[PDB]
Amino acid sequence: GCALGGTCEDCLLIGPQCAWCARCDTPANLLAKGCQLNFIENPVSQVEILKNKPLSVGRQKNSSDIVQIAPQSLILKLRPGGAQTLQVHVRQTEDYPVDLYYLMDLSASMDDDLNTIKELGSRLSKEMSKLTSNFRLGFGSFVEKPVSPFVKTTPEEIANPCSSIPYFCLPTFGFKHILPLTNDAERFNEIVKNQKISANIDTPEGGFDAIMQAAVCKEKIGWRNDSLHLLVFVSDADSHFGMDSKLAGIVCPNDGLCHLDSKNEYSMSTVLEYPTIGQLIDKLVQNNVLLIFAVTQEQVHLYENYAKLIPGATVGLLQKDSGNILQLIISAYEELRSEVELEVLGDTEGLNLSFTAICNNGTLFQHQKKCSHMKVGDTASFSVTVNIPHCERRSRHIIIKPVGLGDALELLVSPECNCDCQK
């Protein structure tokens, strides 16, 4: 239907298959008209490879010589309506740095837990040494926003929140960053012993506040630029979110910013709302943090449904004394070593994209950008189709990168609507 539309510029807008002869008709029918190829103007969609460095496999002694995605830079010229399929290849290296941050619930019901984690840091680094040479571990603690109605506000219960049992408990605190992740596993053990239990709470707890801060505060936590950013959430109860703090008179939404004071403590646990899952996702993805839910059976199903929405998040069944936390982290790590999922950043609300996952050699999944059950060193190919509905103003920057990895593929998508005869 190019014969009814066509102006050279407007002739190309009515359809991606349309063309102008410097009458608006298809390039095939223009040849029958007698129009020459140099007269036929077609800004056909095309790709221009800029950086296509091959995937580096095997133990690489040089850290700046590791390539886990191919290609890396692509200028994509697209015709309004026309489509283009990109071949993206991703593969994880054998030796890659790993950051672990042990974020733990310090409710009184986690007391029996504390007696078993006392020598985890050394034990964990021992086993993780087999899998990676570069492993740094950190620590953090959370309970709940220290404001009514979440916590009792009587002067005796504020001083000691376990006064009724009675038991010696520290006052309720939102979140306390304690140990920035380092190689010294011996320092980890010393700190676990110094920790004390706070209030005994059978209600959901303010764990979500800690996750936001543990992801955003890059410097104060100490996330390495090219490593796995593992966040181990260890709790035995549910967690408040979003407007749950409306009961406390907290009506100001979380800004997704760092608010650790000089004492390494969440200063805004009485000012900002709990983060929402929509917010947590936006920050965990931006900060490249892989979340691991280590919860008890009474919370597994609940946190299982949370992890479905959060890309790169898994769960694990924790024992009541948490004596299998070592067995959970490593097994969760090995699964991430087998998972390869794609991400798209900075793209458009209006751009439509489709993904097909090509796991192994002869397996092709539709509507999937994630592969599993693959040993380290196996390749993972993806077909990303990009299409622009309208004409737009100018080019827009997009980034395609794997989940958990630092490597990324830059996309410069520039539309074309003008004619060569208009110059």
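The numbering used is simple: start at 1 and walk along the sequence shown.
Going from residue 6 to residue 7, the model skips 1 to 3 deposited residues, which lack coordinates. Going from residue 22 to residue 23, you skip over 10 or more residues of the deposited sequence that the entry leaves unmodelled. The PDB entry reports B-factors from which the mean C-alpha value can be compared for 39-47 and 65-73; the larger average falls on 39-47.
Relative to its counterpart among 49-57 and 382-390, 49-57 has the higher mean temperature factor, C-alpha atoms as listed in the PDB entry.
As recorded in the PDB entry, 340 shows the highest C-alpha B-factor of the residues 340, 165, 247, 237.
Compared with the other modelled residues of the chain, the Cα B-factor recorded for residue 156 ranks in the middle third. For residue 171, the recorded CA temperature factor ranks within the middle third of the chain's modelled residues.
Looking at the C-alpha B-factors along this chain, the one for residue 350 belongs to the highest third. Annotation for residue 80: C-alpha temperature factor in the highest third relative to the rest of the modelled chain, per the entry. Among all modelled residues in this chain, the alpha-carbon of residue 219 has a temperature factor (C-alpha) in the middle third.
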